[PDB]
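The file upload.csv contains CSV, C-alpha atoms and all ligand atoms:
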```csv
chain,number,residue,atom,x,y,z
A,21,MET,CA,-59.2,42.3,27.0
A,22,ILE,CA,-57.2,43.0,23.8
A,23,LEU,CA,-53.9,41.0,23.9
A,24,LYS,CA,-51.3,40.9,21.1
A,25,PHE,CA,-47.8,39.3,20.8
A,26,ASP,CA,-45.1,41.8,22.0
A,27,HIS,CA,-41.8,40.0,22.1
A,28,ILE,CA,-39.9,36.7,22.5
A,29,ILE,CA,-36.9,36.4,24.9
A,30,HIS,CA,-33.8,34.7,23.9
A,31,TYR,CA,-31.0,34.2,26.6
A,32,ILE,CA,-27.6,34.6,24.9
A,33,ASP,CA,-24.3,34.3,26.9
A,34,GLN,CA,-21.7,37.0,25.8
A,35,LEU,CA,-24.4,39.0,24.0
A,36,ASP,CA,-22.0,42.0,23.3
A,37,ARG,CA,-20.0,39.8,20.8
A,38,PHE,CA,-23.3,38.5,19.2
A,39,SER,CA,-24.8,39.2,15.8
A,40,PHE,CA,-27.2,37.1,13.7
A,41,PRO,CA,-25.7,34.9,10.9
A,42,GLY,CA,-25.2,37.1,7.7
A,43,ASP,CA,-27.0,39.9,9.7
A,44,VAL,CA,-30.3,38.3,8.5
A,45,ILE,CA,-32.1,40.1,11.4
A,46,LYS,CA,-30.6,43.5,12.3
A,47,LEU,CA,-29.9,44.2,16.0
A,48,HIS,CA,-30.0,47.5,18.0
A,49,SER,CA,-28.4,47.8,21.5
A,50,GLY,CA,-31.1,48.1,24.1
A,51,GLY,CA,-30.4,49.0,27.7
A,52,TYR,CA,-29.7,47.8,31.3
A,53,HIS,CA,-32.4,46.5,33.7
A,54,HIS,CA,-31.0,48.0,37.0
A,55,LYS,CA,-33.3,45.8,39.2
A,56,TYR,CA,-31.9,42.5,37.7
A,57,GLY,CA,-28.4,43.2,36.4
A,58,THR,CA,-29.4,42.2,32.8
A,59,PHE,CA,-29.0,43.9,29.4
A,60,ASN,CA,-30.5,43.4,26.0
A,61,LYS,CA,-30.2,43.8,22.1
A,62,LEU,CA,-33.3,44.1,20.1
A,63,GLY,CA,-34.3,42.6,16.7
A,64,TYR,CA,-37.3,44.8,15.7
A,65,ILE,CA,-39.6,42.9,13.3
A,66,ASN,CA,-43.0,44.6,12.8
A,67,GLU,CA,-44.9,46.0,15.8
A,68,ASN,CA,-43.1,43.1,17.8
A,69,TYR,CA,-39.5,42.2,18.3
A,70,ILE,CA,-36.9,39.7,19.5
A,71,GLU,CA,-35.4,40.5,22.8
A,72,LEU,CA,-31.9,39.0,23.1
A,73,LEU,CA,-31.0,39.0,26.8
A,74,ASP,CA,-27.9,38.6,28.9
A,75,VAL,CA,-26.7,39.1,32.5
A,76,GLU,CA,-24.0,41.7,33.3
A,77,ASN,CA,-24.4,41.6,37.2
A,78,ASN,CA,-24.7,37.8,38.2
A,79,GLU,CA,-24.6,38.4,41.9
A,80,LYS,CA,-27.6,40.9,41.7
A,81,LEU,CA,-29.7,38.5,39.5
A,82,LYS,CA,-29.0,35.5,41.8
A,83,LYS,CA,-30.1,37.6,44.9
A,84,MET,CA,-33.2,38.8,43.0
A,85,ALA,CA,-34.0,35.2,41.9
A,86,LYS,CA,-34.5,34.2,45.6
A,87,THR,CA,-37.3,36.9,46.1
A,88,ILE,CA,-41.0,36.4,45.4
A,89,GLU,CA,-40.9,38.7,42.4
A,90,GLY,CA,-37.7,36.7,41.4
A,91,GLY,CA,-39.7,33.4,41.3
A,92,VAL,CA,-41.7,34.9,38.4
A,93,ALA,CA,-39.6,37.6,36.7
A,94,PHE,CA,-38.4,37.3,33.1
A,95,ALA,CA,-34.7,38.0,33.9
A,96,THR,CA,-34.4,35.6,36.9
A,97,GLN,CA,-35.5,32.7,34.5
A,98,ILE,CA,-31.8,32.8,33.4
A,99,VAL,CA,-30.8,31.6,36.9
A,100,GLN,CA,-33.8,29.3,37.5
A,101,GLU,CA,-33.3,27.6,34.2
A,102,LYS,CA,-29.6,26.8,35.1
A,103,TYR,CA,-28.1,29.3,32.6
A,104,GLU,CA,-29.3,27.2,29.6
A,105,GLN,CA,-29.3,29.4,26.5
A,106,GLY,CA,-32.4,29.7,24.3
A,107,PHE,CA,-35.9,31.1,24.1
A,108,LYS,CA,-37.0,31.9,27.7
A,109,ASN,CA,-40.6,33.2,27.3
A,110,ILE,CA,-43.0,35.3,25.3
A,111,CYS,CA,-44.6,38.6,26.3
A,112,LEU,CA,-48.0,39.8,25.4
A,113,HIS,CA,-48.9,43.4,24.9
A,114,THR,CA,-51.9,45.2,26.6
A,115,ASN,CA,-53.2,48.8,26.6
A,116,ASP,CA,-54.8,48.1,30.1
A,117,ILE,CA,-52.6,46.0,32.5
A,118,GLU,CA,-54.9,46.9,35.5
A,119,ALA,CA,-58.0,45.4,33.6
A,120,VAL,CA,-55.8,42.3,32.9
A,121,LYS,CA,-54.9,42.1,36.6
A,122,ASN,CA,-58.6,42.5,37.7
A,123,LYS,CA,-59.7,39.8,35.1
A,124,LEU,CA,-57.1,37.3,36.3
A,125,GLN,CA,-57.8,38.1,40.0
A,126,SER,CA,-61.6,37.6,39.3
A,127,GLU,CA,-60.7,34.0,38.2
A,128,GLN,CA,-58.4,33.5,41.3
A,129,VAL,CA,-55.2,33.4,39.3
A,130,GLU,CA,-52.4,34.6,41.7
A,131,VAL,CA,-50.6,37.5,39.9
A,132,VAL,CA,-47.3,39.4,40.7
A,133,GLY,CA,-47.4,43.1,39.9
A,134,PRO,CA,-47.8,45.4,38.1
A,135,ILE,CA,-44.0,45.7,38.3
A,136,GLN,CA,-42.7,49.2,37.3
A,137,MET,CA,-39.7,48.9,34.8
A,138,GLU,CA,-37.3,51.1,33.0
A,139,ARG,CA,-34.1,51.2,30.9
A,140,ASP,CA,-32.2,54.3,29.6
A,141,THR,CA,-32.0,55.0,25.9
A,142,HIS,CA,-28.6,55.8,24.3
A,143,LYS,CA,-29.7,59.5,24.2
A,146,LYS,CA,-35.5,56.5,29.3
A,147,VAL,CA,-38.1,54.0,28.2
A,148,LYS,CA,-40.8,53.0,30.8
A,149,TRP,CA,-43.2,50.0,31.1
A,150,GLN,CA,-45.1,47.8,33.6
A,151,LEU,CA,-45.0,44.0,33.7
A,152,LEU,CA,-47.6,41.6,35.2
A,153,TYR,CA,-46.9,38.0,35.9
A,154,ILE,CA,-49.0,34.9,36.4
A,155,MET,CA,-48.1,32.9,39.6
A,156,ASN,CA,-49.5,29.4,39.0
A,157,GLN,CA,-50.0,27.5,42.4
A,158,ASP,CA,-50.1,24.2,40.4
A,159,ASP,CA,-47.2,22.8,38.2
A,160,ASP,CA,-46.0,24.6,35.1
A,161,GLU,CA,-44.2,22.6,32.4
A,162,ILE,CA,-43.9,26.0,30.5
A,163,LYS,CA,-43.1,29.3,32.0
A,164,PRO,CA,-46.3,31.3,31.7
A,165,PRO,CA,-46.2,34.2,29.2
A,166,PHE,CA,-46.3,37.6,30.9
A,167,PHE,CA,-47.9,41.0,30.2
A,168,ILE,CA,-46.5,44.3,29.2
A,169,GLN,CA,-48.0,47.8,29.2
A,170,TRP,CA,-45.7,50.4,27.7
A,171,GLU,CA,-45.9,53.9,29.3
A,172,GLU,CA,-45.8,55.3,25.7
A,173,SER,CA,-49.2,55.1,23.9
A,174,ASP,CA,-50.3,52.7,21.2
A,175,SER,CA,-49.5,53.7,18.6
A,176,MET,CA,-47.1,56.4,19.9
A,177,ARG,CA,-44.5,53.5,20.1
A,178,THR,CA,-45.2,52.5,16.4
A,179,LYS,CA,-44.2,56.0,15.2
A,180,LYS,CA,-41.0,56.1,17.2
A,181,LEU,CA,-39.7,52.5,16.3
A,182,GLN,CA,-40.9,52.4,12.6
A,183,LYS,CA,-37.3,53.4,11.7
A,184,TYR,CA,-36.1,50.1,13.2
A,185,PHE,CA,-38.9,47.7,11.9
A,186,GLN,CA,-37.6,45.2,9.3
A,187,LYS,CA,-40.9,44.8,7.4
A,188,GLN,CA,-39.6,42.0,5.0
A,189,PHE,CA,-40.1,39.8,8.2
A,190,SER,CA,-43.3,38.9,10.0
A,191,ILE,CA,-43.6,36.5,13.0
A,192,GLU,CA,-46.2,33.8,12.1
A,193,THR,CA,-45.9,31.1,14.8
A,194,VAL,CA,-44.3,30.4,18.1
A,195,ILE,CA,-43.7,26.7,18.7
A,196,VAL,CA,-43.7,25.4,22.3
A,197,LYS,CA,-42.7,21.8,23.2
A,198,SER,CA,-44.5,20.5,26.3
A,199,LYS,CA,-44.3,17.3,28.4
A,200,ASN,CA,-47.9,18.0,29.4
A,201,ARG,CA,-49.7,19.6,26.4
A,202,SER,CA,-53.1,19.2,27.9
A,203,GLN,CA,-52.2,21.2,30.9
A,204,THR,CA,-50.4,23.9,28.9
A,205,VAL,CA,-53.4,24.4,26.5
A,206,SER,CA,-55.9,24.4,29.4
A,207,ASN,CA,-53.9,27.1,31.3
A,208,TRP,CA,-53.3,29.3,28.2
A,209,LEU,CA,-57.0,29.2,27.1
A,210,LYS,CA,-57.9,30.2,30.7
A,211,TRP,CA,-55.2,33.0,31.2
A,212,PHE,CA,-55.1,34.5,27.7
A,213,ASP,CA,-58.7,34.0,26.4
A,214,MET,CA,-57.3,32.2,23.3
A,215,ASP,CA,-59.2,30.4,20.6
A,216,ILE,CA,-58.5,26.7,19.6
A,217,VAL,CA,-57.4,26.4,15.9
A,218,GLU,CA,-56.3,22.7,15.6
A,219,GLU,CA,-56.2,19.7,17.9
A,220,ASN,CA,-54.5,16.3,17.0
A,221,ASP,CA,-52.4,13.5,18.5
A,222,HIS,CA,-49.2,15.6,18.2
A,223,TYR,CA,-50.0,19.3,18.6
A,224,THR,CA,-52.6,21.9,19.5
A,225,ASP,CA,-52.7,25.4,17.7
A,226,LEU,CA,-53.9,28.3,19.7
A,227,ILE,CA,-54.5,32.0,18.6
A,228,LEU,CA,-55.1,35.2,20.5
A,229,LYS,CA,-58.5,36.8,19.7
A,230,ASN,CA,-56.8,40.1,18.6
A,231,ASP,CA,-53.6,38.9,16.9
A,232,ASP,CA,-52.6,36.8,13.9
A,233,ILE,CA,-49.7,34.8,15.5
A,234,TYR,CA,-50.3,31.1,16.0
A,235,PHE,CA,-49.1,29.4,19.2
A,236,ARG,CA,-48.3,25.7,18.6
A,237,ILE,CA,-48.0,23.5,21.7
A,238,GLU,CA,-46.6,20.2,20.7
A,239,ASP,CA,-45.9,17.0,22.6
A,240,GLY,CA,-42.2,16.6,23.3
A,241,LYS,CA,-39.6,14.9,25.5
A,242,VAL,CA,-38.7,18.5,26.5
A,243,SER,CA,-40.8,21.4,28.0
A,244,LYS,CA,-39.6,24.6,26.3
A,245,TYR,CA,-40.1,27.6,24.0
A,246,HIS,CA,-38.6,25.8,20.9
A,247,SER,CA,-38.8,27.8,17.7
A,248,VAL,CA,-40.2,30.9,16.0
A,249,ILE,CA,-41.5,30.8,12.3
A,250,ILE,CA,-40.8,34.1,10.5
A,251,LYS,CA,-42.3,34.9,7.1
A,252,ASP,CA,-39.6,36.4,4.9
A,253,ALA,CA,-40.8,38.5,1.9
A,254,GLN,CA,-37.2,38.3,0.4
A,255,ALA,CA,-36.9,34.4,0.8
A,256,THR,CA,-37.5,32.0,-2.1
A,257,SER,CA,-36.7,28.9,-0.1
A,258,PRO,CA,-37.4,28.0,3.6
A,259,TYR,CA,-34.5,27.7,6.1
A,260,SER,CA,-33.8,27.3,9.7
A,261,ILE,CA,-31.1,28.7,11.9
A,262,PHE,CA,-30.1,27.0,15.1
A,263,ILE,CA,-28.4,29.5,17.4
A,264,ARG,CA,-27.6,29.6,21.1
A,265,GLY,CA,-30.4,27.1,22.0
A,266,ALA,CA,-33.1,28.7,19.8
A,267,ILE,CA,-34.5,27.9,16.4
A,268,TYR,CA,-35.4,30.7,13.9
A,269,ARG,CA,-37.4,29.2,11.0
A,270,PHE,CA,-37.8,31.4,7.9
A,271,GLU,CA,-40.4,30.8,5.2
A,272,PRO,CA,-41.2,32.5,1.9
A,273,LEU,CA,-44.3,34.7,1.2
B,1,CL,CL,-47.8,24.0,31.5
```

Please render this file's structure as structure tokens.
Ligand SMILES: [Cl-]
Amino acid sequence: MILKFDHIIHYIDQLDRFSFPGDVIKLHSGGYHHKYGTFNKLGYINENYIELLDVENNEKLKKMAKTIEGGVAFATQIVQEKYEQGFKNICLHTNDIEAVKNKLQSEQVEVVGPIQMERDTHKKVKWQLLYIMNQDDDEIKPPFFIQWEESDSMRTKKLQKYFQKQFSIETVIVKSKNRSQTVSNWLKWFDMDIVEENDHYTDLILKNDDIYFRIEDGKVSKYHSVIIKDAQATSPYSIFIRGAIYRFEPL
């Protein structure tokens, strides 16, 4: 199964007022997720993006969080994680979500979906989501899967106008209070390869993508930071904003 990094979710309260410092990453207004009462703004990088997410209809999201789908859904994590701002999850791209569902189901991993999804464009974009429902404990919310209705790469020719090619996502850093468990689960669910193992962290990689996934020991369990290679940077820097860390590195 060919998996690639699709997007990272950052929960930001009062997202309509929000912009990145010095407009380092340009943003484009997204749409509204009718099922959940959430809306987004998108930071297109290169064949992947940053999804900034907020809640417009709180009563709808709270209702939805109490359902079975709500126990796993990306939007309802806002409620379940007590409205704490920051990176919520990562989403992995597939061209065959049914093959992913069958592969996980053949390993007895309880899945939710495929869930049909849509949002209107400012001029309709469709996709399906599939979630992992771990019966055991999760320190880290499991990454979820996406299959865009639009073909690959029919999506790359439509969004190339928005891609900011000076940037390239390199690494996603996850802090876990149970690294051993997080690694074991991610190797099982995502068919990842082991890159590095030491007393502090484990680096993982998808078989069909160049992004590193660093799971490091921490006093917290969370999606912590993203490392973005910046072609226009001469010196590294980090931006802490609304509970998330965006690290920028030259080359
Ligand atoms: Cl975990």

(request) Go through A:31, A:67, A:22, A:235 one by one, measure the shortest atom-to-atom distance of each to residue 179 of chain A using all atoms listed in the file, and give the residue with the smallest value. (result)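 Ranked by minimum distance to residue 179 of chain A, first place goes to A:67.
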
(request) Please measure the separation of atom CA of residue 34 of chain A and atom CA of residue 109 of chain A, giving the value in Å to one decimal. (result)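 Atom-to-atom, atom CA of residue 34 of chain A and atom CA of residue 109 of chain A are spaced 19.3 Å apart.
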
Would you write out, as a tab-separated table, a table of all residues in chain A that have an atom no more than 6 Å from an atom of ligand CL 1 (chain B), listing for each the closest atom pair and the distance in Å to one decimal, considering only C-alpha atoms and all ligand atoms and ordering rows by chain and rising residue number?
```
residue	atom	partner	partner_atom	distance
A:160	CA	B:CL1	CL	4.1
A:161	CA	B:CL1	CL	4.0
A:162	CA	B:CL1	CL	4.5
A:203	CA	B:CL1	CL	5.2
A:204	CA	B:CL1	CL	3.7
```

(request) For residue 76 of chain A, work out the shell of residues within 10 Å, counting all atoms listed in the file and skipping chain neighbours fewer than 5 positions away, then give it as a list in words. (result)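 Listing them by chain and then by number gives residues 33, 34, 35, 52, 53, 56, 57, 58, 59, 60 and 81 of chain A.
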
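We find atom CA of residue 180 of chain A and atom CA of residue 272 of chain A to be spaced 28.1 Å apart.
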
(request) Identify which of the residues A:186, A:247, A:157, A:87 lies closest to residue 267 of chain A, counting all atoms listed in the file when measuring atom-to-atom distances. (result)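 Result for the nearest residue to residue 267 of chain A: A:247.
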
(request) Figure out the distance between atom CA of residue 211 of chain A and atom CA of residue 239 of chain A, please, to one decimal in Å. (result)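 Result for atom CA of residue 239 of chain A versus atom CA of residue 211 of chain A: 20.4 Å, one decimal.
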
(message) Distance cut-off 7 Å, centre (-58.5, 33.5, 23.0) in file coordinates, counting only C-alpha atoms: which residues qualify? Return them as a PyMOL selection string.
(response) chain A and resi 209+212-215+227-229

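With all atoms listed in the file as the atoms that count, the minimum distance from residue 261 of chain A to the choices A:95, A:29, A:73, A:45 is reached by A:45.
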
(request) May I ask which of the residues A:39, A:154, A:119, A:63 is the closest one to residue 89 of chain A, counting only C-alpha atoms? (result) A:154

(request) Would you mind telling me which residue in A:245, A:149, A:223, A:184 lies nearest to residue 163 of chain A when using only C-alpha atoms? (result)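 Checking each candidate against residue 163 of chain A, we get A:245 as the closest.
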
(request) Could you check which of A:21, A:84, A:92, A:155 is closest to residue 122 of chain A, using only C-alpha atoms? (result) A:21

(message) Within 10 Å of (-38.6, 20.5, 19.9) (file coordinates; only C-alpha atoms), which protein or nucleic acid residues are there? I'd like them as a list in words.
(response) residues 195, 196, 197, 198, 238, 239, 240, 241, 242, 243, 244, 245, 246, 247, 266 and 267 of chain A

(message) Report as a count of residues only all protein, DNA and RNA residues lying within 6 Å of residue 105 of chain A, evaluated on only C-alpha atoms, omitting residues in the same chain fewer than 6 positions from it.
(response) 4
